[PDB]
Each structure stands twice: as structure tokens, then as C-alpha cells.
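Chemist: Handing you a structure now.
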Amino acid sequence: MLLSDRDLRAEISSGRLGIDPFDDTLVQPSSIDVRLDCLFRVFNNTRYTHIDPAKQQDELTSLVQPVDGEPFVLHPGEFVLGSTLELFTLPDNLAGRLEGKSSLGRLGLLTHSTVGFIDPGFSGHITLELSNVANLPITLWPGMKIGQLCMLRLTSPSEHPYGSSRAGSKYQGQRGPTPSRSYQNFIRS
Amino acid sequence: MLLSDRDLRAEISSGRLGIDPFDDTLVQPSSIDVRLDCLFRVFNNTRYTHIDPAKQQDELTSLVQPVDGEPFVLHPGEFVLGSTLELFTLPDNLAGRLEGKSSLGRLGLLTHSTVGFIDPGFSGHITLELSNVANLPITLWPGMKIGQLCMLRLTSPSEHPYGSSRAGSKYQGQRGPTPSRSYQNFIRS
Amino acid sequence: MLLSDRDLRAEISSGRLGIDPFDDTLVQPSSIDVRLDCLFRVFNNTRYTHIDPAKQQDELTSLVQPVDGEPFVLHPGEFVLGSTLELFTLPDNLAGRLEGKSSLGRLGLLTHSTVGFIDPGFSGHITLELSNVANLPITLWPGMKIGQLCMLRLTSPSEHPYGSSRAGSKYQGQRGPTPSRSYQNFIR
Amino acid sequence: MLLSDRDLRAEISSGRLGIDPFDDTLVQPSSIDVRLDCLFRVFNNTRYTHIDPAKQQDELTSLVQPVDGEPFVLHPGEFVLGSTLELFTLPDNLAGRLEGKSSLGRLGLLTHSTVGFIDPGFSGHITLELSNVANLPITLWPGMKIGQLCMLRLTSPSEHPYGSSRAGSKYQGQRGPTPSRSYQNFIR
Amino acid sequence: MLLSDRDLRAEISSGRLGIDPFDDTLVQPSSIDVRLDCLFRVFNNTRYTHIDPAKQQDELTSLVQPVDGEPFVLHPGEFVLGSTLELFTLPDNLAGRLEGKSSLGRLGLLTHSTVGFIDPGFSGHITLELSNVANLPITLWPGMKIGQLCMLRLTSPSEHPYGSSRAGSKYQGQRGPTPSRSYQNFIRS
Amino acid sequence: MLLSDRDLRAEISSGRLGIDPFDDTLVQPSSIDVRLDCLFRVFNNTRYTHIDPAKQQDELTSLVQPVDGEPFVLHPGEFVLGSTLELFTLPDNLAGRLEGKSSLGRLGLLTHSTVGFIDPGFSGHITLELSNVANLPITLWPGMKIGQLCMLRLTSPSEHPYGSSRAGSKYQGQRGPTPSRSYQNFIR
Ligand SMILES: Cc1cn([C@H]2C[C@H](O)[C@@H](COP(=O)(O)OP(=O)(O)OP(=O)(O)O)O2)c(=O)[nH]c1=O
Ligand SMILES: Cc1cn([C@H]2C[C@H](O)[C@@H](COP(=O)(O)OP(=O)(O)OP(=O)(O)O)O2)c(=O)[nH]c1=O
Ligand SMILES: Cc1cn([C@H]2C[C@H](O)[C@@H](COP(=O)(O)OP(=O)(O)OP(=O)(O)O)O2)c(=O)[nH]c1=O
Ligand SMILES: Cc1cn([C@H]2C[C@H](O)[C@@H](COP(=O)(O)OP(=O)(O)OP(=O)(O)O)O2)c(=O)[nH]c1=O
Ligand SMILES: Cc1cn([C@H]2C[C@H](O)[C@@H](COP(=O)(O)OP(=O)(O)OP(=O)(O)O)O2)c(=O)[nH]c1=O
Ligand SMILES: Cc1cn([C@H]2C[C@H](O)[C@@H](COP(=O)(O)OP(=O)(O)OP(=O)(O)O)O2)c(=O)[nH]c1=O
Ligand SMILES: [Mg+2]
Ligand SMILES: [Mg+2]
Ligand SMILES: [Mg+2]
Ligand SMILES: [Mg+2]
Ligand SMILES: [Mg+2]
Ligand SMILES: [Mg+2]
Ligand SMILES: [Mg+2]
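Residue numbers (PDB author numbering), protein chains in the order written: chain A, 1 to 189; chain C, 1 to 189; chain E, 1 to 188; chain D, 1 to 188; chain F, 1 to 189; chain B, 1 to 188.
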């Protein structure tokens, strides 16, 4: 069951779904448009020879921030991490889905990739995997709309929400473009 | 809540969900298979130096149509825009999700790219961002199944559906592979 | 309507949703984490000049298996097919959605791509389209968590589920990383 | 034996080595700098599925010309054909070698491919295979210096020079960015 | 000083410059056209995580041979190793330079890897680094002309020619597409 | 006319061809092997939208130096600038040609872009355009042999050698991996 605009506003003003800062004009028929932050992470290490999801690789990424008023330039075939301006707090009976915007998709900007679910009980900023598949570089302007977020009802409240210790959650209360933490609790055969 | 085949047909023959032209044999257990049109847009401009979502960039794409009976050839690492053969009209209490087909995915043909939602009240053809990630070119045949569409029930009807002036919608009643219109109402810092 | 952890377990232990082998610690607040198998398919043919979805192209892929304890190395811009360790059986009133994991996405590993739908009544392993978009190769370890699966309620049971002959389904009971079968019943 | 600036000028003003239009300020210590024309060929066909050197493939390329004053934009990983402003006529006792310029190499501009020889007796413009390996598009301005050309003495005059019918030459007197003609006299 | 056709034939028929098999119709005004063999090496290992020129990496390449009458298909952005049909034996007073052919360069086929020089005294087949920069795959036909070879006079014969033990040569008498042997005698800081 | 080993050593020990530091065991039958320095330039700017050879673009590159004993990792499809350990001084009657090494070419390591000419009179280090075309990253070790240099005799001494003001030379006495200076004296 998917929340409409009427029921989204109702969740926000009742304080059960948190969006901060919230702006009413961003509410769309079925979802809410979200905006790009001003910090990015680039993959510009020259020491590592490979990425091993089983190891923590500290210096794999660098923090970059466009000079104010200037854009960040995403080169063709480059991959960077970005963040949402807004902070999201979901209750334990709602699930989120993050999708890109059609306007940007049509330019060749892939805006997350492969990763849907925002878990019930999640609280923090959202990390965005930004990718360019066009043959020109794209200029990203901090504060621009970058994606959109819709809410699904769950059948019943989550027994062990995100951030609870039974779930073993890696990203509760995350801030910037946060690097991968897969080495934590890594399993294999 | 996701509509099954039974309830999809029921929506179509009651005239609340529009598909044109409709073909019953395309209805799947949980979704409906959709077909590729015969118009494409290619990014073959040589004047622009970069893509700026904040500006309208008119001559960024060219319209192309395969000679009849011939295929469109998608080169490895190319990106093109395509369209659906069908025209979709959604009511204000249903939302749509577009996904690729597993048979094509396994060949290295991406269909949706970063984007998912179809808004309640939307009406028109659907633009497809087609990409090739294999190491060989892929021949696309106009009229082929290219993807699939499922419908989600909303919690309550959309207050300000797609195309309504409160939503500020850019694509209502779109026809061919439509270029990006992100410059319209563009916000930033 | 999306099943929570409580209702997922309830489906599994009532035998209506099959996961094999099942492991309870893989159940997440809204979904269940799934693990990578040890067979892959690589696109290393040098005879074909193009891919035609309308023709069956037999030798388009090769089967590869890492030497035991070793990883499979996914090169930047490479595309391979993988499989899930688990075998999934869905009832005819549930649908599934497969998504990647945020920890791996942040590394540049795209796990499926462009396909989300598991059909009511589907039974088999899941084939995964694995892709690397970083500028370094990634080591994939067999048995690692690779993705996650949630379940949606349908409005009513599927009239003609997956694998039923009215649906014309190509992949019922699939085993390894299965090649594309689009040539079957191809329309244009 | 490689001609120096002194001996190059001597060949040009004696009329044995033709450069047209010639400009004396383009002569360098060991070579002569050459300039980019204003016509290009782009590979933007969507009908062909592969390149077969053994077949003539007519519509493989399109002719493009920047609007006057504007640059041609070479995208990262694109490949285009260009031409020299100048027309070169070599005698039958000199051979030419074409190389890029270090100022452009350092920007990521590959300017000819993997080819260097200008055969004795060749006459015509030179086709340039232009390539970008940087991560940003490069703007090429018509009339810019794009490469350089030096001359080697042969041990003795060429018995059957370029363009002679015993050599079987495909490109004698070529004009614009000329598409490949490998299908002519193709052996296998 | 560069040998012309006249002086090339004279070297060949005097037995000082060896080409086997020799074909007179391949002699060009300033060079001699050379043909592609029928064995290739592809880089299709999945165990190594990086290339270290300092280590021998045995299974880095696989030997492949087109089925007879069929072509080898070089994919866009692929890199393979090939060989010359001919076996070259240079004297100790001549140097060779290998270059591609203009007809193939214009199709997007790079025939070697930045490499040029063939050393006085060298004897064997030549390994070719084959590369595709077009957006379509190229079909290479065994026995096709693939490049060309000219000869430069040296100021005086080579004191310690190629293959002599003072030179420390890695490839004397090579046969097929031979993998890199840089690990032999590798120096660093 | 191309100098052999015998005549190269003769030029070096007579002081007319400068190599510093020189090492005799690097002299090869027809050329002299050269070694990689320990500074690189990477193209990691995020402000510029395109490369314009006609404008100086200051912050286009960054200086990077591997931690001592560690390698520099060149990623597939990356492009960096490097330098030669040695400093070359050529006389005004010799020309140089730079080429890669076959052992590295076979690994997928491109070592100069399209260029090759070293001008008579040139003095300084040589800037190397390093490129990776394999599907795995390559580790470059500072001090490794990276390329080779041969010498051609000119017909007669250069009238206006490199670095002379008539030639208008941009790179005389260059030190590290020097960025492009094409904007200087740019014509169009
Ligand atoms: C999303 C996904 C599904 N599947 C499985 C579950 C689906 O029910 C099944 C079919 O997916 P479909 O998208 O329906 O594939 P298809 O429509 O091209 O072929 P068919 O005629 O069988 O419908 O494949 C995968 O194997 N891998 C995946 O990544
Ligand atoms: C997912 C998808 C949607 N659509 C259609 C259906 C959506 O209702 C419509 C708009 O999608 P949006 O994602 O909302 O595009 P937008 O937010 O950038 O622009 P707008 O101001 O109009 O909201 O586009 C496509 O054409 N192609 C696609 O791939
Ligand atoms: C989809 C998405 C989610 N998130 C957030 C919301 C999710 O609830 C949270 C974790 O997503 P998960 O997919 O659950 O990541 P994970 O399973 O690898 O790690 P964990 O142990 O924490 O479960 O990350 C992002 O930051 N970026 C994204 O693109
Ligand atoms: C081939 C090569 C030369 N060089 C040196 C030797 C040359 O004498 C010098 C200039 O090469 P040029 O090719 O002449 O560069 P340029 O013509 O663009 O600039 P200029 O005005 O200086 O002529 O650069 C390198 O630094 N790196 C290289 O890869
Ligand atoms: C190197 C080069 C040469 N040329 C010219 C000068 C050469 O003499 C001519 C042919 O080069 P070749 O290398 O001989 O081309 P080819 O052998 O494939 O064809 P042909 O039968 O004519 O020999 O092309 C270019 O146009 N562009 C270039 O980049
Ligand atoms: C240019 C070229 C040369 N060769 C042959 C002829 C050369 O004399 C020989 C070695 O070339 P080199 O460039 O000298 O290779 P190297 O210095 O890395 O190794 P070595 O210790 O043997 O000198 O390889 C090829 O096989 N393929 C080619 O593309
Ligand atoms: Mg929208
Ligand atoms: Mg289906
Ligand atoms: Mg999880
Ligand atoms: Mg110069
Ligand atoms: Mg020729
Ligand atoms: Mg050597
Ligand atoms: Mg060269």
C-alpha cells in the first residue's frame, strides 16, 4: 500500500515521518522530491590494487566540496558518492523506496544504482551513488532536486527495526556521503 | 498492495486503467509486458561541451528511425532514448512501477535506468533509457517486448494527481522518445 | 502491502514461502538478505559479431567456478551472471522484489540491474546480473551476502501463476546462472 | 638520415617537396608543424552490426563541419577522422613520418593512430585519426597545429613509388577526411 | 638512412635480411607489408587482481584459434595479442620499425602498443598488440595484411646484437603470440 | 642514419649527448633504456567542464608521489603524466625518438601518447603520457625501465635548435611531469 500526497503530509505534520528541512512544495502526487547536498566522495586512491568487500579500506575515497556557487563536474563513466540535504526518520511501520527523477535519467545521470530499500526505523541522511552514462560531463548543482522518495505501508510494525541491535545495522544516524562498511560482520564460504 | 493478473484485467476492461493498444496475451501473473516503439533519440551532438540540467539544451539529441524490417543497433556503452508502443492512462488511485525483463537483462540490455515511478494520473507514452553493458552490440527489433509494468494501490486517491497544475508536471501527454525537460522550474543554491 | 520480519518468518515456517537453505539471522526488518553462489557465466565468446535477442546464441557464455577459497574477480566495466545460494518458492498470492545492498552499492558493485520482479508461483534459484562501475576490480567471495528480497501482498491470488502454461514462462525451476532464453516465443 | 630545418627549406623552395599552403614559421628544428582542417568524419551509423575490413562499408561515417568560429568537440573515448589543411607531395627519394605534438599529447589528445609512414611519391592531404583519452571533452579549433612531419632520406630512389600501378595504392590524391578503402585488393 | 624497395629486395635475395615465407608482391615503395597469423592471446583470467610487471603471471592469457575460415572478433575496447605469419631475421647492421596500415587505422584498429623498434640481430615472429577503438567489433581474418615494416641503416654494426648475452634479451626466437617476460631481470628503486 | 650502441657510447663519453645519471648497462643494440621517475600528475579536477588547448588550465592536474617503496597504481582507462629519471641534453646535429618497451606493451601499458620526436638542442627531463588498456590495474614501480630512446643523425646541424628564440620552444629545461603549455602562442 503506497502513500499518496494527502497521507504523506499527514505523516509529516503528525511527526511520525521526519523530514528535515521539510518543504511543502516538494510533495508530489505519490512521493516527495529530495535534494542534493554539497559534499561528495571521489575514488581517487592510487595505493590499492583492488576492492575487497571483506576488508575495510580506509583511504579509498576523498571528501570533496565544490567552491560555493560552483558545480561539481561528473565525468562520463565516473562514479561518486553524494548525500541528501534532508534527514529522514522513518517510523517502524513504514518502508521507503528511493528512485531517480525522469528529467535527469533522460540526461544520462544514474542517481542511485541497484539499491532500493530504506528500512523501517532508519534515521539519517541518504547516501547517493551518482553515475554518468552520457558522453559529456554533467554539472551537478548543490541543492538541486536529485531523486524522490515514496512510502510503503508494512503489514505490521517491524519487530526489530533498523538500528536495533538484533538487526546489526551499519549506518544508523549517518551524516555525509558515508563510505561502505561491508567489512563489518562480513560472512562467506 | 500489488494488483494481480485478475485485478489488472478488471481495471483495463472497466476503462479506469488505459492501455492502447491493449493485447490480452501480454498480461503476466503480476504485471503486463510492454513493447518497444520504432523511434529513438541518439546523443550525437558535437557543439556542446557539457550537460547542464539547469539549461535547456535543444540539439542534444537526434531523432532516428530504423528502416522498416531492420533493427536499431545499440553499441556497447552507448545510451539512447526509446518509447513504448502503448499509451498509458493511470487513474488517481493507482501507481505504476516499470521494470526490465529478465530475458534481456541476461543479455546485457538495461531498460529502466535509475528511475522507477509512474505517477497517479499520468497519461502518455513512456520514455525508455536504453543502455548496453555487454561487449557486443545488441540489435533491438521494434515491436519486441522490452519491459513490464505493475500497479500498486495507493492508501487513498491522489489529492493533486500528475498533470494537475499544483504538481507542476513536465511530461503530461508525451508522445515519442521525449528529451529531458529538467530546466523547467529548476531549483539550486 | 509489504511483509515485515514478523510476517516473513510466519510465511517461511508455515511452509508457504520456501527458502532453502534458510537461515534465521538473515531476516532483516523488512526483507531477507541473500547469498552469492559459486558459479558464474562470463561473456568471452569470440565468434559472434552481435547479440540478437531473437536468436538463441548458445556459446555466448562460459561457466566459471572459482578455485575453492579463492575469489571471483570482477573487472571494471565487466558484466557477469551469478546465482543465489538459496532456492526460492513463492506462493501464488505473494510477489517478490530483489534489490542490492547499500554496502556493496557504495563500492561500485551493481547486483541486479533494471529488473525487480519475481513472479508469484516462481520456483528456482535467482540469476544475478553483476556489474562493476568503480575503477578497481572487485573480489567477490562465494557465500557472501549479495542482495536482499522483500515480499509484497497481491490484491488477490494469481489466476495463472508463474510456470503455468498460460503464462508461457521460460525459467521455472532454474538452477545455475541461466543464460537468456528470449528467443523462445519472440515477437516483433 | 633525417632532414634538418636547413635542408627542409631547401627541398621546399627547390620545388621537390610540396607543401601547400606553405608557411615558413611552421618549420621547426627537425620537422614541420601541420594544421587541422575543418572537415571531420564521425562514426554514427546505426545499421551495421560490425566492421569487416574485407567489405566496403559506405555509410559507416558522416561528414561534419563546425559552424564557422566554433570548435569541434571530441568526447572522451570518441574516435573521429580529420584532415590536414596542407597538401603534401613527396618526391621518390624521401619518406615522411607523421607524429603528434607533445603539447597536445599532454592534454590526452591522440592525434594519429598507430601509423606513421608517408610513402615516397605520395601526393594529397593527410587523414588523421583523432582520439581523446582524457576524462573531459576537448575542443579542436580548425587551423590549429595538430601534428608535425619530418623527412627521411632513402638509400636510393623508390623503384615503384606510391601511386604507381605496381604498388596498388588506394589513396593517391586524397582530399578530405577519407574513409578506409581496405576492401580494395583484400587478401586472407 | 631508410631502405627503399630496390634495396630491400637486394637484402632479401642476398640472404642477409630473412623473411619467411617471403612474397615479392608485398614489397611497398619504402617498406614491406606483413600478415596476421592465426593464433591469439586473450586476457580472460579471473584469479588475478592486478598486473605487476615485476612478477611472472602465468595464467594471465589464454591461447585461442579461430575455427578455420572463421574470423577472430575483436570487441570495442578489448586488447589481444597476435603474431605475424612471417619470421624475421635481421642482420647486425639494420634496424626495423613496425607500423600499422592506414586502411586499418581508419577503421579503428590499433595494431600495436606504442612499441616501434625491432633490434639488430633479432630473429623470430613478431608479437602484435591488437586493439579496437571504434564502437563496433572488428572481424580479423587470419592471413590478412596487418601492418608494415621498414628498415633503417645503422651508423655501424651493433657491437652486442639482440640475442647476445650482453644484451640480456628476452624474446630471441619467439614463436606464437608470446606473453610478456618483464619479470626477467626486473629493476626498480 | 641511426646510431648503434658503439656510436651511442661514443657520443656520451665525448660529452656531446648528455644523459644524467648515465648507466652503461642500459645501452641496448640500437637504443638506450630509460627509467621512470617518482612524480606523477593526475587529472582529478572537478571544476572544469572541458579542455580547451587555447586556454591555460592551471588546476587541471595534481602532483602525486607514491609513498617510498610503494607503487603507483594506474587504473584501467586512466591517463597520467610521468617523468624520466634521466635528464637528456641533445646536440644540434642529433634527433631522438622515444618508444615504449615491448615487455610493457604486452601487459597493456601505453607509455607515451602519439608523439615521438625529441628535438635537436633539447635539454631536460622527458614527460611521459602513461595509459592503461588492460582490464586490470597496473602497478608502476619508480626507477623501473619504462621506455627507450634512439638517436638519428641529421643531414646537417639545426640552424635554429630547440630552445633558441626563433623556434619559440615551450619546454626547454623542464623538470617534473610538466603540464601542457599549448596556450602559449596558440594559432587558429
Ligand atoms: C528480477 C529477476 C527475476 N528472476 C526470475 C524470477 C522471475 O519470475 C523470472 C522471470 O522474470 P521475467 O522478468 O518475467 O523474465 P521474462 O519476462 O523475460 O521471461 P518469462 O517468459 O519467464 O516471464 O526470473 C531472475 O532470475 N533474476 C532476476 O534478476
Ligand atoms: C520511470 C519513468 C517514468 N516516466 C514518466 C512517468 C512519470 O509519471 C513521468 C514523470 O516522472 P518523474 O520521475 O516525476 O520526472 P520528474 O520528477 O523529473 O518530472 P515531473 O516534474 O514531471 O514530475 O515520466 C517515463 O517517461 N519514463 C520512465 O522511465
Ligand atoms: C537505498 C539506499 C539506502 N540507504 C540507507 C537506508 C537503509 O535502511 C540503509 C541500509 O541499507 P541496506 O541495503 O540494508 O545496506 P546493508 O544491508 O548492506 O547494511 P545494513 O547492515 O545496515 O542493513 O542505508 C542509503 O544510504 N543509500 C541508498 O541508496
Ligand atoms: C616525444 C616527447 C617529447 N618531449 C619533449 C622533447 C621535445 O623536444 C619537446 C617538445 O616536443 P614538441 O612535439 O615540439 O611539442 P610542441 O611542438 O607542442 O611544443 P614546442 O613549442 O616546444 O615545440 O618535448 C616530451 O617531454 N615528452 C615526449 O613524450
Ligand atoms: C600515416 C598516415 C599516412 N597517410 C597517407 C600516406 C600514405 O602513403 C598513405 C597510405 O598509407 P599506408 O600505410 O600504406 O596505407 P595502406 O597500405 O593500408 O594502403 P595503400 O594500399 O595505399 O598502401 O596514407 C594518411 O593519410 N594518414 C596517416 O595517418
Ligand atoms: C615493436 C615490437 C618488437 N618486437 C620484438 C622485436 C624486438 O627486438 C624485441 C624486443 O623488443 P624490446 O622493445 O627491446 O622489448 P624489451 O626491452 O622489453 O625486452 P628485451 O629485454 O628483449 O629487449 O621484440 C615484438 O615482438 N613486437 C613488437 O611490437
Ligand atoms: Mg516528479
Ligand atoms: Mg515475464
Ligand atoms: Mg540489510
Ligand atoms: Mg614542436
Ligand atoms: Mg601500404
Ligand atoms: Mg630492450
Ligand atoms: Mg609513435
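Even for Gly, the Cβ is constructed at its ideal location relative to N, Cα and C.
Measuring CB atoms only, is the segment 166-177 of chain B touching the segment 98-117 of chain B, in the sense that at least three cross pairs come out at less than 8 Å?
Modeler: no
Chemist: Note down, in chain order, every chain C residue with its Cβ under 8 Å from the Cβ of residue 148 of chain A.
Modeler: 117
Chemist: Tell me the start and end of each unbroken alpha helix (DSSP H) in the segment 92-153 of chain B that is at least 4 residues and wholly inside, in chain order.
Modeler: 102-105
Chemist: Pull out every residue of the segment 71-82 of chain F whose Cβ sits closer than 9 Å to any Cβ of chain C, in chain order.
Modeler: Going along the segment 71-82 of chain F in chain order, one finds 73, 75, 76, 77, 78 with a Cβ nearer than 9 Å to chain C.
Chemist: Whose Cβ in chain E lies nearer than 9 Å to the Cβ of residue 47 of chain F?
Modeler: Under the 9 Å cutoff, chain E gives 66, 67, 70, 71, 72, 73.
Chemist: CB-CB under 6 Å to residue 44 of chain E, same chain, minus the five flanking residues each way: which ones, in chain order?
Modeler: 62
Chemist: Would the segment 153-170 of chain F count as touching the segment 129-136 of chain F if we require 3 or more Cβ pairs under 8 Å?
Modeler: They do not touch, by the three-pair rule.
Chemist: Is any non-hydrogen atom of ligand 12 found closer than 7 Å to the C-beta of residue 184 of chain F, if you look at the structure I gave you?
Modeler: no
Chemist: Using only CA atoms, which one of E:60, E:152, E:38 lies nearest to residue 125 of chain E?
Modeler: E:38
Chemist: At a CB-CB cut-off below 7 Å, which residues of chain F make contact with residue 121 of chain D?
Modeler: Simply 29.
Chemist: Is there a C-beta anywhere in chain D that falls below 8 Å from the one on residue 111 of chain C?
Modeler: Cβ-Cβ to chain D under 8 Å: no for residue 111 of chain C.
Chemist: Do you know how far the Cα of residue 2 of chain A is from the Cα of residue 123 of chain A?
Modeler: 20 Å
Chemist: Between the segment 17-24 of chain A and the segment 84-103 of chain A, can you find at least three pairs of beta-carbon atoms closer than 8 Å?
Modeler: yes
Chemist: If you reduce the DSSP assignment to three classes, tell me which class residue 13 of chain A lands in.
Modeler: helix
Chemist: Restricting to Cα atoms, I'd like to know which of A:71, A:120, A:145, A:42 is closest to residue 100 of chain A.
Modeler: A:145
Chemist: Within 10 angstroms of the Cβ of residue 21 of chain E, are there 16 or more other Cβ atoms? Answer buried if so, exposed if not.
Modeler: exposed
Chemist: Under a three-way DSSP split, which group does residue 6 of chain D fall into?
Modeler: helix
Chemist: Between residue 65 of chain B and the rest of its own chain, which residues show a CB-CB distance below 8 Å, the 5 nearest in sequence each way excluded?
Modeler: 38, 39, 40
Chemist: If you draw a straight line from the alpha carbon of residue 116 of chain C to that of residue 31 of chain C, how long is it in whole angstroms?
Modeler: Going by the C-alpha atoms only, they are around 14 Å apart.
Chemist: Quick check on the burial criterion: 16 or more other C-beta atoms within 10 angstroms. Buried or exposed for residue 102 of chain B?
Modeler: buried
Chemist: List the residues of chain D that residue 137 of chain C touches, going by C-beta distances under 7 Å, in chain order.
Modeler: 49
Chemist: Taking the beta strand (DSSP E) that residue 41 of chain C belongs to, which residues open and close that run?
Modeler: Where residue 41 of chain C is concerned, the enclosing beta strand (DSSP E) stretches over 40-42.
Chemist: Going by the C-beta, is residue 33 of chain C closer than 7 Å to any heavy atom of ligand 8?
Modeler: yes
Chemist: Of all Cβ atoms in chain C, is any one closer than 8 Å to the Cβ of residue 132 of chain D?
Modeler: No, no contact with chain C.
Chemist: Buried or exposed: residue 67 of chain B, going by 16 or more other Cβ atoms within 10 Å of its Cβ?
Modeler: Result: exposed.
Chemist: Could you tell me which chain C residues have their CB closer than 8 Å to the CB of residue 44 of chain D, listed as they occur along the chain?
Modeler: 42, 44
Chemist: Identify every residue that forms a DSSP beta bridge with residue 80 of chain A.
Modeler: A:42, A:130
Chemist: In whole angstroms, what is the alpha-carbon distance linking residue 161 of chain C and residue 29 of chain A?
Modeler: 5 Å
Chemist: Quick one: what's got a C-beta closer than 6 Å to residue 190 of chain B's C-beta in the same chain, skipping five residues either side?
Modeler: Since the first residue of chain B shown is 1 and the last is 188, residue 190 of chain B is not available in this structure.
Chemist: Compare the C-alpha of residue 94 of chain C against each of C:164, C:79, C:56, C:154 and name the closest.
Modeler: C:154
Chemist: Could you please give the first and the last residue of the uninterrupted beta strand (DSSP E) stretch that includes residue 22 of chain A?
Modeler: First-last for residue 22 of chain A: undefined, no H or E at that position.
Chemist: Work out the CA separation of residue 74 of chain C and residue 76 of chain F for me, nearest whole Å.
Modeler: 13 Å
Chemist: Measure the alpha-carbon distance for residue 79 of chain E versus residue 42 of chain E and round it to whole angstroms.
Modeler: 7 Å
Chemist: Let me see if you follow: with CB-CB separation under 8 Å, is residue 99 of chain C close to chain E or not?
Modeler: Against chain E, the CB of residue 99 of chain C has a partner CB under 8 Å away; the residue lies at that interface.
Chemist: DSSP three-state label for residue 58 of chain B, please.
Modeler: helix
Chemist: Can you name, in chain order, every residue of its own chain whose Cβ lies under 8 Å from the Cβ of residue 138 of chain C, other than the five neighbours on each side?
Modeler: 73, 74, 107, 108, 109, 132
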